[PDB]
Structure formats: C-alpha cells, structure tokens
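K.L.:
experimental structure and sequence below, a few questions after.
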Amino acid sequence: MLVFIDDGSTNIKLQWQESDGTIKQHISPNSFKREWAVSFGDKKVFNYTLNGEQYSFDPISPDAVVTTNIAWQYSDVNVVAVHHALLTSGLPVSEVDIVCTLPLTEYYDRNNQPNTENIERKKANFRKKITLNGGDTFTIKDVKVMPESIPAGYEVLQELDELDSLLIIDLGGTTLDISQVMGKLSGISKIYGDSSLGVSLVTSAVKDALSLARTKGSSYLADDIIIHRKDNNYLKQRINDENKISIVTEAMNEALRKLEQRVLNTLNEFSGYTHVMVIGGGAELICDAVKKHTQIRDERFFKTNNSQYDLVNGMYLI
Amino acid sequence: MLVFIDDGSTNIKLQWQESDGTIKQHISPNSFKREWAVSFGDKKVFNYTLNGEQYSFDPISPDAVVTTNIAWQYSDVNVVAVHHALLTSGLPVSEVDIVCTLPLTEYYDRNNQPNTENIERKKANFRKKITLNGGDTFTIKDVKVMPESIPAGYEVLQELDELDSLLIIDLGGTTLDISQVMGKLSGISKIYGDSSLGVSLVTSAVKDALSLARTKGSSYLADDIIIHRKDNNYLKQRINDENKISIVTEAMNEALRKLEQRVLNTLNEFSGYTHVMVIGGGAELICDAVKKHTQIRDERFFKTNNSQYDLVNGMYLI
Amino acid sequence: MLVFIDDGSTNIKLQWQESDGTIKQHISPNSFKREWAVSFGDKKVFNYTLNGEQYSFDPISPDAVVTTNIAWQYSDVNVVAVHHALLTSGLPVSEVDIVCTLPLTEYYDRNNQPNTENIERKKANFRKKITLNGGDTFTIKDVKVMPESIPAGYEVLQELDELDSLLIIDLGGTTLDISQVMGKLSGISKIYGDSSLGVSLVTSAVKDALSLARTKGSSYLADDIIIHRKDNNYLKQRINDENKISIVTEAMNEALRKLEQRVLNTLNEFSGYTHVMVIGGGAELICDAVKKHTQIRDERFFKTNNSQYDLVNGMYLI
Amino acid sequence: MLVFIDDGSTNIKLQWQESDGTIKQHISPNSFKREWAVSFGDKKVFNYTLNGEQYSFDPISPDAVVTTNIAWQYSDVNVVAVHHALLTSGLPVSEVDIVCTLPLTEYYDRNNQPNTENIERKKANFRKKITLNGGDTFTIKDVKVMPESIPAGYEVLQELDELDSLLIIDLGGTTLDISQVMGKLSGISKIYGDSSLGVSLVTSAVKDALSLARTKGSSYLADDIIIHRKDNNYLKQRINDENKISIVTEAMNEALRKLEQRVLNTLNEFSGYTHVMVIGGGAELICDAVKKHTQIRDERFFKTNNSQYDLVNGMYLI
Amino acid sequence: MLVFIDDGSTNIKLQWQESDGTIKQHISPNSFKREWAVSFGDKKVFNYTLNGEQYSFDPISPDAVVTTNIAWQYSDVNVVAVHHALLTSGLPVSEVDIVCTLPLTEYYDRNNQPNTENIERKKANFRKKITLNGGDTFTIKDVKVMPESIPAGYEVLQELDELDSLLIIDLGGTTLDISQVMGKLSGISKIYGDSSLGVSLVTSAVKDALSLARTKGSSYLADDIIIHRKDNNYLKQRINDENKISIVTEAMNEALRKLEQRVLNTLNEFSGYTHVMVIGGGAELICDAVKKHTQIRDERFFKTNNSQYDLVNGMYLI
Ligand SMILES: Nc1ncnc2c1ncn2[C@@H]1O[C@H](COP(=O)(O)OP(=O)(O)NP(=O)(O)O)[C@@H](O)[C@H]1O
Ligand SMILES: Nc1ncnc2c1ncn2[C@@H]1O[C@H](COP(=O)(O)OP(=O)(O)NP(=O)(O)O)[C@@H](O)[C@H]1O
Ligand SMILES: Nc1ncnc2c1ncn2[C@@H]1O[C@H](COP(=O)(O)OP(=O)(O)NP(=O)(O)O)[C@@H](O)[C@H]1O
Ligand SMILES: Nc1ncnc2c1ncn2[C@@H]1O[C@H](COP(=O)(O)OP(=O)(O)NP(=O)(O)O)[C@@H](O)[C@H]1O
Ligand SMILES: Nc1ncnc2c1ncn2[C@@H]1O[C@H](COP(=O)(O)OP(=O)(O)NP(=O)(O)O)[C@@H](O)[C@H]1O
C-alpha cells in the first residue's frame, strides 16, 4: 500500500484505503518517555529501541519529550512516533510505502523552488532502523513528501473558477502555514510559513500554570484542558485539588487572547483573497476572529467539521 | 518564419502563417511579477531570467509591474512579455524573424521623417539574452518595425479612391494615435500621437476604487471589470464582498465620461476626413461618441468585429 | 533643350519636343504645403528646401498656400512649383533652358513698351537655389519671357488677312487678359490686363461654401467641384455628408452669374474686332455669354478643344 | 463694474477702474494642468472644478495643456483661465460685467458683417459653472465682445485726419490680425486675420529643441527663453546642464528668421497705408523688419513701450 | 517641549532643542523581542507592557520582530519603539508634544489632498497606554504629522529661485519617496511613493545568506554587514566561522546591483528637475548611480554628510 501519514508535531494523522474501497482515518497523539514501560501481562507493551536510547509511550506524565521545537521533522522521536501510530492501525504488518508532510518553510527558499536537500533529509530519516521487542514492526519502503498547505483546499478549490483565490490558513501546534491559491490548483499566488507561531504559545503557558496548580503534567493533559476549556466541571476532574481553577483559567484566557493578535497581524501580509478556509485542530480556536476580521460573506467561508483531518484527506484525494 | 508581433503595452498580438496557408491570430495579456513562480508539478512553470532580476507570470495580484508608462517600448519587461507570448503560440521552438510596432510619436519628429535612432534602439532591445529554466526559448533573429496607425486601414483604403481621406483612430492602453490617409495609401496627410491619452485613464482610477472596495488587485482584473461593465451580476463575482459595488461603478462611470471629452477635443485637430475608422480594443468604448460627433453617414463609418486585432492583421497583409 | 513653361497661377503647363520630333504637353496643378511629407516607402517623396522654409505637395487639404494673389509671378513658391512640374515630366534630369510667361500688365506700362525691370526680376527668380532630398533637380540655365495674350491666336492669325482683327480673350485663375491683333501678328491694336478679374472670384466664394458644408478643403478640391458642376452624383462623392449640396450649388451658381457681368463690361472697352477667340481653362465657363454678347457669326468664332493649353502651344510654335 | 478682459491665448490682460479713477492693468499667463495641486499650508491653493475634469495652475512642467489651437476662444480651459486671472486681481469678489475679445476672423465672414452666431457662442461660454474649493469665485454677469484689431490704434487714430490710413499690425501667439483704418475710426478699409500665423511658430520649434537639450518643459518656460534670447548667461540658468546651449540657440534663430518671411508676405496683401503701428507682445520681435520693409518715415511709425497691453487699454478707453 | 520624531521603520530619529538653544540629534535602532529581558543588576532593564503582550530590546538575535512591512506606521511596536528611543534621550521625563512622520503615499490619494483618515489613525496610535516596570515613561500629549519628503530640501530650496525645481530622493528601509519642488517651497510639482522599494531588498536577501553562513541573526546585524561592506576584516569579526565570507559577499553584491536598476527606472517617471538631492541612510548606497544617470553638473547636486538625519532636521527647522 501507499499510505498517507500527515506527521504533525503533536498528532500523527493516517489516511489509508484497504483495497475494499475502505478509506480509514486514524489519529495518534505523540507522547513518549525515554525509557521502557513496566509490564503486568495483558498487552501492556510497546517499548521501542533505536540508535542507543529507548522509548515507550506515556500520555500522562512529565519527561515525555516536548516536541514543539522546529526540528521535530528530523527527530529520531519522529520515526518512533510514526511507527507507533501505524502499529495501532489494525493493519497487516508488512512492507508498505508512504507519503508524509513537510512544513511550508521547509520545502522552499528564496527562489520558491523545492528544497531538495531538506526534502531528502526527510526521506532518509525513515530509513532509520528500529526494534519493538516481542513483535515485528511494519517496514517502511518507499517515501515521498508533500507540503503542509495545499491539499486541504482540494475539493473546494475544484468548484471555484479560474480568476479567484482561496486563502488556506493552517494553524498547527508548531507552525502557522498560510497559502493563497488562485481558482483551483491552476495557480498558487503566495505562501508563508511562521514556525514560531503555533498553538504551542498557549499550551506552553498553561503547562506552567498547571505546575503552579500542583498538577505538573504531560503536554497532552494540558491540551486536554485546552480542548475542554468550556466546562468548569470537566476541569474539576483534571486540576488536582483546588479552588485555584481560578489561577489557571485566567492565565489560560489571557494567553489565548494574546495568540489572536499575532496570528491576525500575520494575515495582513496577504491580500486579494476571495475565499478563506481555516484547517487544523487549531482552526477551532481562532475561527471566529478570522472570519470577522476578513469581512468575508458567509458563502465564501468554509470551515469543516473535522478540521484536524483536512490535510491528510487532501493528501489522499490527490 | 517572419512572424508579426503587435507589441502593445497591455496585450501582445500575434499574426503568423503556418506554411499551410494557416494564418493564426493569438493574443497574450501582459502581467508579470518580479519573482519566480512556486511549483506543484503539472506544467506549472514559466520563470524567466534576464539581466539580474527574474520574472514570472501573474494575472491576479498587485506587484505585477504596471506597464502604462510610455517607455514600455524599451523596457526589459517588454522582451520578457514578447517571449512569453510566443512561447504559448503552439509553434515549433526555433530561430525566427519578426516585425513589431512603434507608437506614432516614436518613428517621427519635427520634420516628419523616420527617427532611425528610436527605431534602432527598438531593434536592439530584442537582442537581450533571456533564459527560461527547464526548456529552450525561441531565438529572435531579424527584427523590423512598423508604425502603429496605417496598416489597420489597409483593406478599406484599397477600395476608397484617390481624392478622399480615411481617418484611422487607434486608441490603445497608453496612446491615442490618429492618422488621416488620402485615398488608398497613395498619400498620408496628417498624423498625431498623444502618449498621455490612453484607456489607462479609467483603469488607473478604477484600480484605486477597487482598493477602496477592499479588492486590491492586478491591472488585468481591473480591465476585466471594465470589459464586463454592463453585468452587475458578473461584477458581483469579482468585487470582493460588498453592497459597495455602488462606490466602484459610479467612480468608474464618472471617469469614463471624462475620457470622452479629452479624446474628442483631440480629434478637432484634424479636418476634411471623408471616412472614419476606429481600431484597438478601446474602440468599443468610444465608438458611438465619435460616430455621432463627426456626423459621418453610415456607409462611411467602419468599425470591425475584432477591433483589438485590426493592426496586427494589417501588418501581416502588408 | 529650350522647353516651354506657361507658368499660370494654378497650373503649370509644359510644352517640349524630344528631339524625335516628339512635342509633349504636360500640365501640373500647384498645391503646396509649407512642410515636408511623411513617408511610407514606395516613391512617397518630393520634399523641397529653398531659402529657409520647406515645401511639399498636397492636393487635398487646407494650408496649401493660396496662389491667387497677383505677386505669384515673383513668389519663391513659383520656383518650387515649376521645378516640381518638370520633375514629373519623364525627362532626363539636366541643365536646360526655358521660356516662361508674364501677365499682360507686367510687361507694359504707360508708354506701351517692355517693362525690362519686371521682365528681369522674373528671370532672376529662377536663379534661386533649391534642393530636393534623395535626388537631383534639373538645373535651369537660360531664361526668357513672353507675354500672356498673343501666341494663342498664332495659327488662326496666320490665315486671317491684313485689314481685320482678332480679339483674344485669355481668362485665367487670377487675370483677365484681352488683346486685339490686326490681321496676322502684322499689328497689335490694343491690349488690356485686369489682374483682379480671374476665375478666383467663384473659387474663393465656393471655398467658403464648402467650409459651411463641413468640407474645409484645398483650392484644388474646390476647383474639382467647379469642373464637375453638372453632375450632382459626382458632387455627392466630394461634398462631405449632406443634403446641403443645396447650400453649395446655389452659392456657387449665384457667384458664377456674377462673374459674367463684370467680364462682359470689361470687353466693352474694345471695339472693331472681326474675329473673337477665347482661351484658357476659364474659356469653357464664359464662352456662350461672350459669343452671344458679341453677335459674331459662327465662322468668325474659334474656341478650341484644349483651351487650357492654347497659350503654351503658341509659345512653342513661335 | 464693467471690467475689461483681453483674453489672449497665452496671456489674460485686464483693465479695470476702481471707482477712485484708478485704472489698473493686470496680466496673467495661462498654464494649466488637468489635476489638482498638492498642498503645504501657506496659501498653496487654486484648484478649479468644471464639468467633470478639474484643473490647477502649473507654470513649469509639461502636460500643462497647450492653448495655441484656434478653438481656444470656445475652450472650457478659457473660462478657467479668465476666472483665475481675475481671482488674482486684488478685487472684491462679486458679480461683475465684462467685455472680452474675439479674433478678427471670428466676428466676420464673406459679407463683412458681425458673425452673431460666433459672437453668441462666445458669450455663452462664460455662463459655464465653475467651483474653486475653499473660497468663492467672482460671478460673471453681463458679457459683450469686441474685435481684436481696432481699439489699439485708438488714441493715434484720433489725431490723424480724415483722408489717411493707419495700418494696425496685431501679432499674437496664435493669430496675425491686420487692419487698415482710414483717418480716425471714421472708416475701416480692410481687415485680415491669419489664425495659423502666430508667435507659436517659433515657440513650437523651441519646445522640441529644449526636449533635445533634456529640458522637457512648459510652454511658459519656452517663452521665457524667447524673451531672454539676448543673454546667454540668463539662458545658462534655464537650459538644464549643457554646452548645448548651442543646439537650442541656432534652432531658435533659424525658426525666428523663418517667421519674418511669412509675416511680411502677408502684409503685401494691403496697400496705401500712411501710418503703421505694431501691437502685441510679438511686436517686439518683428518691429524692425516691418519698419524697414514699409519705408515709412520715422514720424509715421508708432510702436509703444507696453505693446502687450495696447489692445485692452483701447478696449477700455472706448 | 515640541520634539521632533522622524519615526522611520528601522531607526527613530530625534531632534529637540533644550531651551538653552541646544538642538540635539539622537538616533535609535529598532529591534524588539516579544518578551522581557533577564536581569543582572547594573541598569539591565527596559521591559515594556502594552495591550497584553510585552516587549524588550534585543539588538542581536532572531525573533526580534521584522519591521519592513508597510503597516509599521500603525503598529503597536511603533509606540514601543518611539517611547524607548525617547527614554534614552537624556531628557527630563514629562508630558511633551511631538511631531512625527507619514510616508508620502499615506498623506495623499487620487486628488492629492491630505488623507485625514490616515493622518488621524496615526495620531491615535500614540494614545495607546504603555508601562515600563521600575520607572515612569514620558507622557506624549499633543501629536501632529508631516510628510516624508519636503523638509529635507528646506535650506537648499531657500536659495534656489522661483522658476526651477529640486528633486528630493528619499530612500528609506521600506519606502522610496520622490518629490520635485519648484524653486523654494513656493510650489511642489509632483510626488511619488513606492512602499515596496526600500533598502529592505538587499537586507532581506543578506539575512538569508547569513543563515546559509550559519549566522542566523537580527536584522540589525545584517545591516551592520551592509554598512561595513568594504572591509573584509571587519566582516571576519561578524561572520561566524568561515572561508564562506565568499558565499555572503557575492549574494550581497548581486542583490545590491539589482536594487539600482529598479530605483533608477522609478526616477524616469519624473522630468525637468534642475537640482537633485538624495537623503536618507540609503542615499550613501545609490548616490553615484543617480548622479551619473541624471547628468547633473556638480554645482546642482547636493548630498550631505549626515544623510540619515536630513529629514528630522528639516522637520525641526520648519
Ligand atoms: N478539537 C480541538 N479543540 C481544541 N484544541 C485542539 C483541538 N484539536 C487540536 N487541538 C490543539 O491544537 C494543537 C495543534 O493542532 P494540530 O492541528 O493537531 O497540530 P498537528 O497537526 O498535530 N501539528 P502541526 O500542524 O505540524 O503544527 C493540538 O496538539 C491540540 O493541543
Ligand atoms: N473588448 C474590450 N472591451 C472593453 N475594454 C477593452 C476591450 N479590449 C480591450 N479593452 C481595454 O482597452 C485597453 C487598451 O486597449 P488595447 O488595444 O488592448 O491596448 P494594446 O494595443 O494592448 N496597448 P497600446 O496600443 O500600446 O496602448 C485594454 O488593456 C483593456 O483595458
Ligand atoms: N476644363 C475646365 N472646366 C472648368 N473649370 C476649369 C477647367 N480648366 C480650368 N478650370 C478652372 O479655371 C481656373 C483658372 O484657369 P487656368 O487657365 O487653368 O489658369 P492658369 O493659366 O493655370 N493661371 P493664370 O492664367 O495665371 O490665372 C482653374 O484653376 C480651374 O479652377
Ligand atoms: N516682451 C516680449 N518679448 C518677447 N516675446 C514676447 C514678449 N511678450 C510676449 N512675447 C511672446 O509672444 C507671444 C504671443 O504674444 P501675446 O501678445 O502675449 O499673445 P496673447 O495676446 O496673449 N494671445 P493671442 O493674441 O490670442 O495670440 C507670447 O506668448 C510670448 O511667447
Ligand atoms: N551609513 C549607512 N551606510 C550603509 N547603509 C546604511 C547607512 N545608514 C543606513 N543604512 C541602511 O539603510 C537602511 C534604511 O535607511 P534609513 O534611512 O535608516 O531608514 P529609516 O528612515 O529608519 N526608515 P524608513 O524611511 O521608514 O524606511 C537602514 O536600515 C540601513 O540598513
């Protein structure tokens, strides 16, 4: 099979069609500790070994390595993460072939051409050899790359025309990727990638707030707080023992407001967009401010019900 | 081949006869950005390099260089534009020979003789060396020039007589060129060229109106508005998000009315014309006001169905 | 060669015998604009330079200089006109010698002798130096003058007798020249020259009528109207766009009738004429009124088929 | 007030008597660009709006509209020009009444009577509505016309007699107006107007010479060169950067010599003048050649110290 | 005090006269990171808080925000920058009143009048409330604006005359501002502002070159390279560890040559300038090419010894 992995910093997204026309979407959060897991026998398992150090999954605790740093797309951790995600697919273990991502800024340069060097460093990373203990790993044979902007506009761009342009706003954990594509993928006017502007901004405050609230925890738990920002009762079941939900919520809310400003300022680098779309899990978080700031009328704004998956789906339906 | 390029400021017009008696008319809008295009592979392409800077096509966005300035007929951009136009001809890439234009005022002087200096500066411009990346460019060998007035009257002038005169009104993007030719090209009484009076007058207001309407765009898009001035529904599909079609249409209409006055005033420099013709894409825009102002009876007024092409056709059928 | 130029105000008439006994008659209308002609290469040409100003031919348009003023026989324009006429002869360019005209009043004075002063001013005018651009002009060496009356009667006067007299009426564009010659050129009784009575009278009304009819034009075009006064259809092909042929024809007809009166009044200054002849292009216009007013019987009235040329032929066949 | 405006093509001349017996002469050069002026606040101002287009003053640069064309006496520009001139008078803004000019040829026709049609078209032009921005314009109520020949001879004609005639030569920018008036305004023998023979002849060569000398400029600057033709040092302060003062001066001198010829030829249409006067700013330029050509003795030749103003003064002191 | 801040994109320039007739010039580079500075106590300090986010100075490292984007004249950063600059003046902290800049294109519009809207948005920006921690900030009371072209010509324009024109070329980091002012500030013929043509062109290539040379750095460091382009030894002390000075210098030199072309092309929009001046820090970089291209003689070309300060000085000495 050719199988699609959108390897994001925080979540691996898979698209893959079992020959029965069965196209499947499978997501896997990345949260890895640099040591093995301790067993009590009932499929408690998934300890991986690669180039000295070893790893195993941990969703909940600190010293799961933080992956918001830029160079995640050449990390050894990345290889671990992707293997682990595909090992929980429900696929027949085998050799297979894949397509993966690069961030917008990685492919390109001063004269807006493919950065073959960085593209190939990427391909080479998935050659690294890795062992899971009691069990065989899938083998990853052929690798190719796509950028992280275009394909999420795919369907919408089709029924657009030839003289108009769709602004695709991709906000991920690490990177804000913006592209303007004129009227189908007939043309791509302008791209922009800002690897310092991600959802990380608030997560990496709220981590510190949770530590103040005596809940020193994983990045994943912190994101779980951000996802359920609206229910104070839910947050009671996660913030360890306090009336100081109050310290955390306000610190979270302040830093949330301060994300918007810098993201919107970045948008005013582009103009002449006829249609505007917002994809990525972070779309949920900024959607209304964007829609309102760009004065687009309802029919020209498309924001989907599974924003998190738009990109890998697009990669597939090319 | 000898191939005919009417190189207008805004549109390159080509006439060229494949030896099978096949004479072809091909037009190409000029809209170029001073940087390369960004690829996704499916003949996405056409990045040109000449004397330091580089260029690529963009129909839609600002910072495509505005070519309404006078000196376009010695611009490096011009060379780019003409090469690009011929690269989309469907011709066998090769060495070839061409004829091109000069504006009426460029050929001539105080004692109404050829301005060999300006004629030769023109020829020399098409010697400039240029590279397109993955592909070979046609080579332009022998160059000659014709003026931008005479040849569009050619057929009509033939079946005129010898004692009467045809007024050819050429309105282009930059230049209003008027000539009076007595009874076939047996004689040419009077010429006149006004390089400050072009269609640009309205385009360069409506550009600013579109920016007010939050549609900061290419000259080409603005011309597309002017071409479809009559359908408010069409203009809904181009004016980005507004009841303020209203601001744009009136500003456009006012500036349109104010073109006519200055063009008609210019005509009252000539007299004794028996026959009147109007050529160029701009003919469409002023035709009725001229016809009515000059009190010519129907049989003496000739305005064609492809006004935009009259000149290059004339160049050819000499 | 000695070549004959009847230099009339409006038309240069040439007579010249190629040594093969080949006597040729060639006429050239004078209509000159004080600036050079504009080329498209196909023998488009004939720009002359003399004593500062320059000239070129224009048959059709105003600001061709009007030559009905008296002093035409010392004008610099005259030199231009005569050179131009001989340059279209089909002669081998060279040095040559010529005879030319003077009006009746110019040769003579109070005691009816040659006016050597005016005769010599005339000769000196054809010494003026003149350049045509790409080409050599004929050189005019020896010059002599004849008066504008006698020689047109030449053949008829021969077979007349010795006791009877022939009235020669020369009506030109500027001048009415009348002479009575008794019985061959054995004697010349009486001359009379009226330089204010020419065909100009009607031409210079009809010019203004044509301007009323929005056909502001050359003197030549106006004469072309006068020549084809009889065909309303012809005049439709020249009068620019009107039911107001009506304004022009009546104004022309009125002024035509008013010529006759003053010319006939002038004739009643002479008496005792046995034979009457009318020469010049204007003869056509007044012939019947004269014939009828002078009650001459048919056999004594001679009006030729090429009245325009009678004088230069006479100059030659002396 | 009844206020006198000699509206010449190039300069508006005003005469006007503040009720304190204060008669004032005020002149204003016409040089107008078809767009508004850009402010820095210190009475930087004078932007006028009339019938679509707008205007403001510019003395120095090209695309100030050239007003040497004939139809200036029905131009909308004319109205602008006259308003502007009167706005710099130092008059109390108000309703007022005026007398203005027409060229000699405009008043008259084939039967030498007032051309009421053209006289009234003139009157109607000054009804046009015009706005200056921050400020009120004078209102022009009652309008009458005078011809451009007679009144400049006024005083001199008074102390002439009744049997002799004064030739008034008016040379303006566009028009050569000549009149012969017998012995006071007791009679006017003959008029003549040549609207193609003005000072423009040299100005419109020297403009092109200045462009050759890389000094592409206003008509006004060119006239400023003509006015200071005698000081090479002055012309150093205006001709932008060159030893090629040499190219300009000779081209100017040649075209100057070639004016004289055609103007003198025009004079030989008149005769029997006892007294000769030369008025207009152009008088300065041709005075000596005329005086010498007409062999008038000193006491019969009157050429004034403010030739430019003779006409408007005459209009007033009728 | 009224104190003069020329707020340029890259450098704040101050002029201010301590009542002792003491006029002072003080410049401050803008380079700000969106987080606070870390102390070791010895006046290590200058952390500012405004509308959520905070800022502090950093000259040396990336993620100091790049201010070459257009909208810098309404940025919150701008307010920070200006406060910071004035906090290092050596002034008594207080309420004070200021004048500041706008770019040429910001003041004006289609009908060349003040753009009150943009002028007032500017004034309002300096109302924003800001806190520096341990210390009081100056309070900015009254604000007015001047354009970025005129005042740098001030002294020179005074001793010019009234019929000639001075071309002031302002090249800044973001904007090329050109103005032609006729003979003192008696008149201003033509302005032009190109906000896409700044020194940024080369800086924003050389930034990327430095990253190739493993010296990923601040804009300021990159400018420091450009300033000391001539000493290879100096550049050894800044380019981190390489024989590949070679990669950087050539990339810098190429992009430098390609600035000139586009700036000179822009100049050929103006003509008739008698005097030419070049101001701004960028003047140093293009001076010779301009001087040579415009063929001005030495005495008409003025380029000062503190080009960077010409504008704020002019603002003051109005
Ligand atoms: N439904 C959601 N509600 C709230 N927060 C969410 C939601 N989905 C995702 N997030 C958060 O947003 C973060 C970044 O968005 P996401 O699109 O998942 O990044 P990614 O694709 O994994 N990485 P990348 O695009 O490479 O930066 C996630 O890690 C979560 O913390
Ligand atoms: N069919 C049309 N309807 C309306 N506007 C048109 C049409 N065709 C052209 N135009 C407009 O008229 C402008 C100038 O006419 P055009 O003849 O196309 O110029 P050109 O020959 O390419 N250039 P030039 O003659 O050098 O100024 C175009 O750029 C369009 O904006
Ligand atoms: N065949 C003709 N029919 C009608 N009108 C004619 C004809 N030939 C000439 N004319 C008119 O008569 C005018 C004067 O007669 P023409 O004899 O041609 O003058 P000329 O000899 O050239 N000049 P001149 O004798 O010096 O006044 C011409 O200019 C024509 O307008
Ligand atoms: N004192 C002068 N010395 C030299 N040239 C002058 C002088 N005064 C005027 N001129 C030139 O002569 C031109 C025409 O003369 P002028 O009398 O000023 O015209 P006008 O009366 O304003 N116009 P008009 O009579 O309608 O053609 C001016 O535009 C100047 O170029
Ligand atoms: N002396 C110098 N030598 C070389 N480069 C310089 C010099 N001074 C300034 N520059 C460069 O030129 C750039 C822009 O010129 P500068 O006049 O400083 O801009 P500004 O006035 O601060 N901003 P703006 O006019 O709004 O674009 C600076 O940021 C430097 O990179």
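P.N.:
Sure, I can see it. Numbers count the residues shown, from 1 in each chain, chains lettered A, B, ... in the order given. Ligands and ions are numbered 1, 2, ... in the order given.

K.L.:
wait, residue A:311 sits on residue A:281?
P.N.:
No: applying CB atoms under 8 Å as the test, residue A:311 and residue A:281 come out as separate, 10.6 Å apart. Placement of C-beta: from N, CA and C, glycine included.

K.L.:
neighbour count for those two, which is higher?
P.N.:
residue A:311 (30 against 23; other CB atoms under 10 Å in any protein chain shown).

K.L.:
so who does the closest residue to the more buried one other than its chain neighbours touch?
P.N.:
Nearest non-adjacent residue to residue A:311, counting by CB to CB, 6 or more residues apart in numbering or on different chains: residue A:152, 4.7 Å away. By CB atoms under 8 Å, 6 or more residues apart in numbering or on different chains, residue A:152 lies in contact with A:168, A:170, A:277, A:279, A:310-311, A:313-314.

K.L.:
list the buried residues for the helix or strand harbouring residue A:123?
P.N.:
Counting by DSSP states H and E, the element that carries residue A:123 is helix A:116-125. The neighbour-count check on helix A:116-125 (16 or more other CB atoms under 10 Å in any protein chain shown) flags A:118-119, A:122, A:125 as buried.

K.L.:
residues contacting the helix or strand following that helix, please?
P.N.:
Using DSSP H and E, the helix or strand that directly follows helix A:116-125 along the chain is strand A:131-132. For strand A:131-132, contacts defined as CB under 8 Å, 6+ apart pick out A:46-50, A:83, A:87, A:137.

K.L.:
got a markdown table for the residues you listed, with secondary structure and distance to chain B too?
P.N.:
Shown next, in a markdown table, are those (DSSP: H, G, I helix; E, B strand; the rest coil; distance: CB to the nearest CB, whole Å):
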| residue | secondary structure | distance to chain B |
| --- | --- | --- |
| A:46 | coil | 37 |
| A:47 | strand | 40 |
| A:48 | strand | 35 |
| A:49 | strand | 38 |
| A:50 | coil | 33 |
| A:83 | helix | 29 |
| A:87 | helix | 32 |
| A:137 | coil | 32 |
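
K.L.:
residue A:55: which element?
P.N.:
Taking DSSP H and E as the definition, residue A:55 sits inside strand A:54-57.

K.L.:
packing partners of that strand?
P.N.:
strand A:32-33, strand A:47-49, helix A:76-87 (3 or more CB pairs under 8 Å, 6 or more residues apart in numbering or on different chains; DSSP states H and E).

K.L.:
which helix runs longest in chain A?
P.N.:
Among all segments of chain A classified by DSSP state H, the helix with the greatest residue count is helix A:245-267.

K.L.:
what does it rub up against?
P.N.:
Outside of helix A:245-267, the residues within contact range by CB under 8 Å, 6+ apart are A:169, A:171, A:176, A:178, A:192, A:194, A:197, A:199, A:201-202, A:205-206, A:209-210, A:212-213, A:225-226, A:229, A:232, A:235-236, A:239, A:285-286, A:289-290, A:293-294, E:34, E:52-53.

K.L.:
that helix near ligand 1 at all?
P.N.:
No: for helix A:245-267, no contact with ligand 1 is found by CB under 6 Å from any ligand atom; the gap never falls below 10.8 Å.

K.L.:
name the residues that touch the very next helix or strand once past that helix?
P.N.:
Following helix A:245-267 in sequence order, the next helix or strand is strand A:275-279 (DSSP H and E). For strand A:275-279, contacts defined as CB under 8 Å, 6+ apart pick out A:152-153, A:156, A:160, A:164-171, A:286-287, A:290-291, A:294, A:296, A:300-304, A:307, A:310-311.

K.L.:
quick check: angle from strand A:275-279 to helix A:245-267?
P.N.:
Strand A:275-279 and helix A:245-267 meet at an angle of 140 degrees, taking axes from the mean of the first three to the mean of the last three CA atoms, to 10 degrees as the criterion.

K.L.:
and strand A:275-279, what's buried?
P.N.:
A:275-279.

K.L.:
with stretch A:209-227 instead?
P.N.:
Buried-residue list, stretch A:209-227, by 16+ other CB under 10 Å: A:209-210, A:213, A:215, A:217-226.

K.L.:
what would these look like in CSV with secondary structure and distance to ligand 2?
P.N.:
Shown next, in CSV, are the buried residues of stretch A:209-227 (DSSP: H, G, I helix; E, B strand; the rest coil; distance: CB to the nearest ligand atom, whole Å):
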residue, secondary structure, distance to ligand 2
A:209, helix, 59
A:210, helix, 61
A:213, coil, 65
A:215, coil, 65
A:217, coil, 63
A:218, coil, 61
A:219, helix, 56
A:220, helix, 58
A:221, helix, 61
A:222, helix, 57
A:223, helix, 53
A:224, helix, 58
A:225, helix, 57
A:226, helix, 52
